Amino acid sequence: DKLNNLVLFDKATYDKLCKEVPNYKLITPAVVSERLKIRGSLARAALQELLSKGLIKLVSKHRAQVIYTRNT
Amino acid sequence: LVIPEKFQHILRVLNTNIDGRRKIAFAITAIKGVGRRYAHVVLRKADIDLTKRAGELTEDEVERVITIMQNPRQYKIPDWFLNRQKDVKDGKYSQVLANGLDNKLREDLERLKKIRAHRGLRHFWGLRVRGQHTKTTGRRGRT
Amino acid sequence: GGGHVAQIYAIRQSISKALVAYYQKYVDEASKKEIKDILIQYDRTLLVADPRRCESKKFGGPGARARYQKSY
Amino acid sequence: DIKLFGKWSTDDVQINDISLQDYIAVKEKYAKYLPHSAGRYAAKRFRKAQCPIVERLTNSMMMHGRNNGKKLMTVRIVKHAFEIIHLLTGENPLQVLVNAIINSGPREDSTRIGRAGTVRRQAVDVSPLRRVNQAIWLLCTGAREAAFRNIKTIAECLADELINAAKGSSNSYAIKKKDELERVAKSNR
Amino acid sequence: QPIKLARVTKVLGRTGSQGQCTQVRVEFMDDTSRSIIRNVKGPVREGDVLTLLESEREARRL
RNA sequence: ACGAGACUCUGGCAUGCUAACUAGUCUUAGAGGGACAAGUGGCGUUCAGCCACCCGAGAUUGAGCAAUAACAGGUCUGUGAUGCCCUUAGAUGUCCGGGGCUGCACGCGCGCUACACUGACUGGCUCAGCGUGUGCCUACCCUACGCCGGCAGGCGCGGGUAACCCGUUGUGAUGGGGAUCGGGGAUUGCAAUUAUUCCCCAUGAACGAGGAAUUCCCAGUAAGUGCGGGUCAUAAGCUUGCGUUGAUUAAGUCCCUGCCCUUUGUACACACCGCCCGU
């Protein structure tokens, strides 16, 4: 009974869902997976891409809960 | 980590008719000869990693593994990864396909039925061919 | 040693005991009392090992206490 | 430099009263930097009660026959997402920490009557420790049923565990079940 | 329904067709100190402290 | 005066001791020490003793042995241990020999088995067994490299009378635990199928706490696991032990079953599965 969520990468729809996560109080992949009802691995890839942008730093790796933070 | 592929709601591999509900690439039970350690060996021999995103995985990998399964004997790869080996009527491992057909050939009971043997009717009634004890344990097989 | 509870916590007993002996021998005893009191007042399990050990399989039963099912 | 853990400290958290330490008691050797103190809690009665509240909450979740008592699970869970939330919060979890469970707690339970009859139960209370810990055990069952056949999993409810842990107000679910049973049994007072 | 802190003086024992309830006796601390009795479930140690959230619950004896 | 305790064995403990060219006093095993309700509180003609708490490795700590009379309980199929009533030559001696009982509409009794980021592989850091092992018999003992498909291994190859060798033995039927059953070289046991012998293809089985009646169990319990002996051809699915993982519940009562240090009733004494009355 999995839900149907728009995962299509488009010109318009793609750049509206990549800028909704930081608009919440408690923002973590587990919280987004229980609340917004999308795989936590998508949030993991999102914060990995945020790391690739060079605005945060990795600390540890885990198949469930990753650790990327900032100190500035 | 962005792919230009589109989400496909119709995808067909081997002309089966099954529901698409869970994830892919290890729910391939509908595909009979790909998976587990053989597929892992082939993929590691193909030099591909897990850098991309999961969930949205296409069928190029399974097609390549099937194609390399088409002609496995040339490279002297250990040929203990195929279902029916050293079978009657062919000393070479011939290919077949389609659903509703592997299950029948998993039990080649025609010749043993012909020879008027007890093992044919051991297989036929769905009962125990090697002799699993069934009088206090082993009541499953029909439930 | 195999076993985290075994070799770990053995490392802490070892550091505490070696430090205590070294301080007792090389400098004095009052400083030893202060530092050892601090360390073994952090926790007690340093100097005490668990006495629990697997007990003998007993009579007419699969284990040390369980018994084969009795039929009437 | 007698600060508890690496981020709290005992020199300022005071209640100016020496009788309300039935839930948080950090003044002696019993304080733990990590609850993995090993040991047994069934050798003799009142020794399960003499467990620290933190260790009882983290261990008592051991149930089924496959995760039974494997302390590595409890310690890994209490380390994971704890290391994360401490830096990602910045503020104090103290509010919810305290104000859901540690006075969600009920105030009575029920016991058997006479020599026969299983249609009602006479209302008694306990000194709040046993009642609170029975509520905690049912809350462990509730966290299971919120993970067991559900969405929110184990080792990601550290907010809920801190809620179950700290001190003094009412927001729970299994505890309001306990309070419904409270009222049912108290209908005999 | 006042929360009153009382001290345990004597613990009686268990009651039930198989044993399911425990009797104790408690003396108040600041309510014109006197002694009453009450039943209770679960571990209640030697000379521990009870919280009488209500000052009327009496347990029938025998 | 027996029985109970004491007593023997058994685990638990040394900034101690008697010493080893297989460990470096950790392993092995000592003429020995250590706990005793001992110290302190609280209950106890303030007695015997009970609870609690520091301290302590350990604070009702596994088992063994275990009172007359007993029972027509089992054993004469363990025994030139045993008194003779008494059949048959198809001696209940022998000889890789020969049907079964490995049936499945079950008549019953022990047995084989865990629900998901816990269950299972990446093989990416030094693990434990308690114990067994080869000529009075006797011909059968435990085991390390090569032919190499992917390892026990079809043949050589050495060590071990053993601390010396084996051996430091994403929200639930999907990927997750197997319903019959087939190939690879098979350990060499005449026969195994009328019981000895490996894992890989993922072919899909009520795939997430169970008629009446229910047996066992209170801490290294139970349960999950494997491993070694007895049986023996490394024959176990049995049993007897051993470790590894490991603890939710109760530190109670006499309600069910049963027991015991009392009084009481009896027409029972073959003793309540008794006795006994009525056409």
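Any read-out appearing in this document is the output of simple, stated calculations on the displayed coordinates, not a laboratory observation. Cβ: placed from backbone, ideal geometry, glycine included. Neighbour counts: every protein chain shown.
Which shape class applies to chain B: rounded if a/c is under 1.5, otherwise prolate when a/b exceeds b/c and oblate if not, where a ≥ b ≥ c are the square roots of the Cα gyration tensor eigenvalues? Prolate. Each of D:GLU83, D:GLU161, A:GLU49 was scored by other Cβ atoms within 10 Å of its Cβ. Listed from fewest to most, they are A:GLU49, D:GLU83, D:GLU161. So what's the gap between the Cα centers of the stretch D:55-81 and the stretch C:22-72, to the nearest angstrom? The stretch D:55-81 and the stretch C:22-72 have Cα centres separated by 22 Å.
Rounded to the nearest Hz, the phi-derived 3J(HN,Hα) couplings of the stretch C:42-59 under the Karplus curve 6.51 cos²θ - 1.76 cosθ + 1.60 (θ = phi - 60°) are 4, 7, 9, 4, 4, 8, 10, 9, 5, x, 5, 8, 4, 9, 5, 5, 8, 9, where x marks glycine and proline. Between 0 and 90 degrees, the angle of helix D:128-147 with respect to the longest Cα principal axis of chain D falls at about 80 degrees. Magnitude of the Cβ-charge dipole of the protein assembly as shown, K/R +1 and D/E -1, about the Cα centre, nearest 20 debye? Using Cβ point charges on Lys, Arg, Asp and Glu, the protein assembly as shown gives about 3480 debye.
Structure remark: mean-square fluctuation, Gaussian network model of chain C, C-alpha springs under 10 Å; the largest value among C:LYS25, C:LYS33, C:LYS58 belongs to C:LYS58.
Partner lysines whose Cα lies under 16 Å from the Cα of D:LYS186, excluding those fewer than 8 positions away in the same chain, are identified as D:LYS176, D:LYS177, D:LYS178, E:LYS41.
Cα centroids of the stretch E:16-60 and the stretch D:118-160: 25 Å apart. The calculated 222 nm mean residue ellipticity attributable to helices in chain B amounts to -6500 deg cm²/dmol, summing -39500 (n - 2.57) over DSSP H runs of n ≥ 4 and dividing by all residues.
In chain D, helical runs assigned H by DSSP with n ≥ 4 each contribute -39500 (n - 2.57); averaged across all residues and rounded to the nearest 500, the mean residue ellipticity at 222 nm is -11500 deg cm²/dmol. For chain C, a simple Cβ point-charge model (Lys and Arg +1, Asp and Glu -1, everything else neutral) yields a dipole of about 660 debye relative to the Cα centre. Computed from the C-alpha gyration tensor, the three semi-axes of the ellipsoid equivalent to chain C are 45, 12, 9 Å, from longest to shortest.
Using Cα atoms only, what is the angle between the long axis of helix B:36-45 and the major principal axis of chain B, expressed in degrees (0 to 90) to the nearest 10? Approximately 40 degrees, to the nearest 10. Can you pull a Stokes-Einstein diffusion coefficient for the stretch B:79-143 at 10 °C (1.306 mPa s), Rh from Kirkwood over Cα pairs, as a whole number of µm²/s? This corresponds to a translational diffusion coefficient of 110 µm²/s. Can you tell me what the convex hull of the Cα atoms of the protein assembly as shown projects to on average, as an area in nm²? The directionally averaged projection comes out at 43.3 nm². With a 10 Å cut-off around each Cβ of D:122-134, the average count of Cβ atoms from other chains is 6.
Note: relative contact order over the stretch B:1-78, using C-alpha pairs below 8 Å and six or more positions apart, is 35 percent. Residues considered: D:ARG40, D:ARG115, D:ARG66. Largest GNM mean-square fluctuation over chain D, using C-alpha springs under 10 Å, is found at D:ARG115. Over the Cα atoms of chain E, each weighted equally, I'd like the Debye log10 I(q)/I(0) at q = 0.19, 0.21, 0.24, 0.30 Å⁻¹, rounded to two decimals. Reported log10 I(q)/I(0), two decimals: -0.67, -0.81, -1.03, -1.43.
For the stretch D:4-187, state the semi-axes of the equivalent ellipsoid (square roots of 5 times the eigenvalues of the alpha-carbon gyration tensor), sorted largest first and rounded to whole angstrom. Write out the running numbers ahead of the final one.
Details: eigenvalues 163, 82, 64 Å².
One finds semi-axes of 29, 20, 18 Å for the stretch D:4-187.
For the peptide D:74-82, the mean number of other protein chain Cβ atoms found within 10 angstrom of a residue's Cβ is 1.
Counting other Cβ atoms within 10 Å as a rough exposure proxy, the listed residues B:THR134, D:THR58 run B:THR134, D:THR58 from fewest neighbours to most. Residue order for B:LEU105, B:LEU50, fewest other beta carbons within 10 angstrom first, comes to B:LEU50, B:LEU105. In the elastic network of chain D, a GNM with C-alpha springs shorter than 10 Å, the most mobile of D:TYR33, D:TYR173, D:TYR23 is D:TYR33.
With all pairs of different C-alpha atoms in the average, the Kirkwood value for the hydrodynamic radius of the stretch B:1-78 is 14.3 Å.
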